[PDB]
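Written out below as structure tokens is the structure these notes cover.
Computed from the coordinates by the stated procedures, all read-outs in this text should not be read as laboratory data. Please note: Cβ atoms are built from the backbone with ideal geometry, for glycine as well, and neighbour counts cover all protein chains shown.
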């Protein structure tokens, strides 16, 4: 998304591009009142830009950070955009290393079968770590098995490949037009 | 193919291009006599170059202008070279933009299933517009369904993507032989 | 010395086989006549040792 | 692209000399083949003469 | 075509051996004739002669070793082994001579890596001809001693490590992260939560696009635009037809290219070596039978002796 | 972006060469098959004379 | 453990001062036309050489195939000759035995 | 002795392999490369600037065309297998019973050793640190280890002794605190003792090879004085990289696209040894990736990441390889023998007797 190693003008241009994409993501869940969205949409607007905060990290920092002195169910985009731009510039919540996920899935597949049982993955996600909702677990299983109802073991290598492709496509969609991106005076 | 956005030398180059591509496709389509190929192969010959003529188009404009004064069943290459030269220069029958097919298949699938049943595709391309013959319709359905004989529907989006890719590949092959001709002294 | 040994063994092969008819030995079996020439000295040596 | 051209030209020269080797071997095999047909015909004539 | 070709090829190998011996002697003959004076036989000429002799002796070694391995006559085979070892020694001597005379570029590099590219090109030989293959008779000869040695080694392997196979140098991948099982679980959890947040944002955007498009359609309909729908499917089919004609012509062209690839030569065909009918596997059964024949023939020769 | 006067638009020389050498090699291979007409005719006539 | 790649100060390349620093727009148009078709004179040399080399390799494959076929048919012919010579030997033996049938 | 070596992993059988496993094209332009190197040396010999001339002469002669894989295989065959597999060849050929292998990991040192052992029917005696680490903690224990390995090698003809990573036994004490046990560097003394004793007879079908991934860490003088001949497995060139890439692609049976940039991937892999090259190829093409190969074409970017992730050898290591090879093989001595001027005489050297 953002390139923090550019010149002054390029840094400003990418900061403005990040601000525009932050506004896009925020409007994605702006439902009733313009400029403010439900703080629960904050993680999803966060991920739209290529940043993957966990639910715990969100609730602990991102929610109060963009929340006013008095915590509010909705977080104004006025406060949301600066923190979003900072995070995009710093790559704070950018997706973890593909190699890191490969190692994690190798660990989960302790037997090195090249695949991990979907039942075991469900147990891990719903009883270990930040327990996913059943919807989150089902979505992960679907994306890992390529929406295979008969699937019972997830081949983590191609699951990571699919996740890489999807994230790359989404990031390209968010970052597109930057080459033709013009900064107003 | 032909790019009318060049100088005089490049314009002559592209004129001789259209000429030489006519020559080469005709040579590939010739049975006995040099410089003359059947009018029926004219759609095939120029689709070998990158044209997408309607059958009515070939019957009505391509053939009458390329034919001589008296009714003849063969075309002189010396005559089709000028006509096909102008045709490629004006890009009259170049394959239109792929979202054309996208919208075509979307309109055909009136029920919005994300796919068109094989029967519906057969009806659309046999009773609507120019009529595919049995072979044309069957091969169309096969390639659109990815050679799945058992499929009761045609994945029109997949067919569109594959058709666009194949069109680009063959057009690149055609332009391989598009460009050089130097002014001969 | 290698070249000399090669020449000597080539002369051996020539004098042993170049005039030998290989038409009847289709499958390339060991020649019994060459076997006899290789074998006679063993018996000669045994008799010499006993005497 | 220049390096590509150099590599492909080297491969072409190698496989041209391979043409030469393979074709000469084929000609030798064909000459042996003809000699062997002649051998069989002569053997047939000899066997028939012996039978007679 | 096995035995007669073997005999003729051995005869040709012997003839080439005489040719190389004569090529060695000829410098000797010239030296004896005209060393009343002194030859300006430069180290360059000497090195060229020795490189030619070395290549010739590599070829002679290869041919003679193959003949010794395959030719089924044991009386022939023993002497062929002897003369093959002789050719080995002579080839190494020629290599040493080439090392000695490697004074090209006015420098005395006596290395063992001679670049024979120019000589091979001059003599019309393949670059692969410079490759020296290791003998099989190294394992073959005195195999009974080697057989006992390897059998004892395998017995030791089985009794000690339970595995007689060669050990593998462990490619310890550097991409093994030292993270906990819960660490991996939560890393995957963050991945999936980010993916699901992206999906939720995309779904909200798609829904909003849905209301926007519905509103635009309603406004257009209220604008009194009489949008015909009959010709929509007809033109859809016609465009599909033009595209399909293009694709069918393209597939015809690509199949023409493939057929040129096969017949006219534009493509190699990757044959399956594992196929017994594959020329290689058929001729492999050929050598299997013929080598069992060679074994039985050596047995018969020993029994006859 | 330099693609139309000494960089990119020289497809013809060796693509029109592709087609022209297709013509040439078609002529040469047809001539080779015609020469094999006489070659295989001599072989067949010899076999019939042999037969 | 993952050795995170350092956020080194990016290139900010001080654009080399080559011969690419001494022309104007019209001189561009000219140098355009001076390198615009030809550099793929060269790429097309590569493509035509690829065509030629593929043809060459397939014809070499054909020649090796013919060599193997002629070898195999020579083998079959030699087997036929050997078996028929065995037939001749057996016939000669049978006639030298027919010097027994005639005796009887 | 053989059973004990096997138990300690000393005496073993190496995987069936051939020297041709070293994938590297014949030096098609070897003479041209040598001509250009000689021309460059001549050009550098005529410089007027003293410091520039000194700097140019100080670096190892990288201008030398690195030995082709075919040349490496030819030398290995002639100088080992003929001495190794053929007793008459060993008796009548160069009587050299020790060789030094230089080259990067996966460049073909261990592969060539295994190929030699297998193709000559030679049982291997890996006394390398990677094989003996954590097993021996006494100098007398190492003495017995070396004695038993050499005895097994001599007895079971053919037999070879392998010391991979040769730089760790003949190291320098002047260096800092080395991670490898100095007890392992201690094997240098028994090696010299045995060599000076001449246990390997000229007719014996045994040879000791010190294969080092860090020949520069090896001793130039000691490698000169210990191993009769030096074999260096240089990194794949343009042609060698093409050969390795095609060989691994065919080994994995991945279909090759018509317009695929095989040479482009070779260039992007430029500087990658054979082992790292194959590791990167396998990482790019996994089992499920292999299955999807019929679905997904091979892409150049598929190696951008895996290539940068697989171990890569620094051009500094390249130059160190070249320098150590040139020095140890006596190449530097031969180079210096011809550049020494004879103008200096044998004059006054007596006045300064105090």
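Results, tabulated for the structure shown:
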{"item": "Proxy reagent accessibility, fewest Cβ within 10 Å first, across G:41, E:277, E:45", "result": "E:277, E:45, G:41"}
{"item": "Principal-axis tilt of helix D:2-51 within chain D, Cα atoms, nearest 10 degrees", "result": "0 degrees"}
{"item": "Shielding by partners - mean other protein chain Cβ count within 10 Å, residues of E:144-154", "result": "4"}
{"item": "Taking chain A and dividing mean pair separation by its residue count, relative contact order in percent (alpha carbons under 8 Å, at least six apart)", "result": "23 percent"}
{"item": "Span from the region E:144-216 Cα centroid across to the chain C one, whole angstrom", "result": "66 Å"}
{"item": "Antiparallel content of DSSP bridges confined to chain H, in %, to 5", "result": "10 percent"}
{"item": "Residue with peak Gaussian network fluctuation, chain H [Cα springs, cutoff 10 Å], from H:223, H:80, H:265", "result": "H:265"}
{"item": "Protection-proxy order for peptides H:269-280, H:88-99, each taking the mean of Cβ atoms within 10 Å per residue, highest first", "result": "H:269-280, H:88-99"}
{"item": "Residue of H:110, H:62, H:329 that the Gaussian network model of chain H assigns the largest fluctuation, springs spanning Cα pairs under 10 Å", "result": "H:62"}
{"item": "Highest average packing first - G:1-13, D:37-49, Cβ atoms within 10 Å", "result": "D:37-49, G:1-13"}
{"item": "Ranked list, fewest to most other Cβ atoms within 10 Å of each Cβ, for G:59, A:52, H:260, H:321", "result": "H:260, G:59, A:52, H:321"}
{"item": "Cα gyration tensor shape for region H:59-143, rounded if a/c is under 1.5, else prolate or oblate", "result": "oblate"}
{"item": "Cα-based shape type of chain G, given that a ≥ b ≥ c are square roots of the gyration tensor eigenvalues and the cut on a/c is 1.5", "result": "oblate"}
{"item": "Footprinting exposure proxy for E:176, F:11, B:167 (fewest neighbouring C-beta atoms within 10 Å first)", "result": "E:176, B:167, F:11"}
{"item": "Centroid-to-centroid separation of region E:78-123 and region H:58-113 [C-alpha atoms, Å]", "result": "14 Å"}
{"item": "Mean separation of Cα contacts under 8 Å, 6 or more apart, over the residue count of chain H: relative contact order %", "result": "23 percent"}
{"item": "Rg ratio (alpha-carbon, reference 2.2 N^0.38 Å) - region H:186-283", "result": "1.58"}
{"item": "Prolate/oblate/rounded call for region E:64-194, Cα gyration tensor, a/c under 1.5 rounded", "result": "oblate"}
{"item": "Helical contribution to [θ] at 222 nm, DSSP H n ≥ 4, -39,500 (n - 2.57), averaged over the protein assembly as shown, rounded to 500", "result": "-20000 deg cm²/dmol"}
{"item": "Relative contact order for chain E, counting Cα pairs under 8 Å that sit 6 or more residues apart, in percent", "result": "17 percent"}
{"item": "Selected from A:64, A:43, A:53 as most flexible by GNM, with chain A as the system and alpha-carbon contacts under 10 Å", "result": "A:64"}
{"item": "Rounded to 10°, Cα long-axis angle of helix G:39-101 versus longest principal axis of chain G", "result": "10 degrees"}
{"item": "Peptide-level mean, for H:114-121, of C-beta atoms on other protein chains within 10 Å", "result": "4"}
{"item": "Spacing of the two label points (7 Å from each Cα toward its C-beta) at residue G:92 and residue E:136, in nm", "result": "3.5 nm"}
{"item": "Separation between Cα centres of region G:76-104 and region A:35-89, rounded to whole Å", "result": "102 Å"}
{"item": "Of all DSSP beta bridges in the protein assembly as shown, antiparallel share, percent nearest 5", "result": "35 percent"}
{"item": "Efficiency of FRET between residue A:8 and residue H:39 - r from beta-carbon atoms, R0 60 angstrom, step 0.05", "result": "0.80"}
{"item": "10 Å Cβ neighbours from other chains, averaged over peptide E:265-271", "result": "6"}
{"item": "Nearest 10 degrees, 0 to 90: helix B:99-108 Cα axis against chain B principal axis", "result": "40 degrees"}
{"item": "Cβ-derived FRET efficiency at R0 56 Å, residue E:162 paired with residue A:78, nearest 0.05", "result": "0.20"}
{"item": "Label zone at residue A:120, where the point sits 7 Å out along the Cα-to-Cβ direction: region A:136-159 residues whose backbone N lies under 14 Å", "result": "A:152-157"}
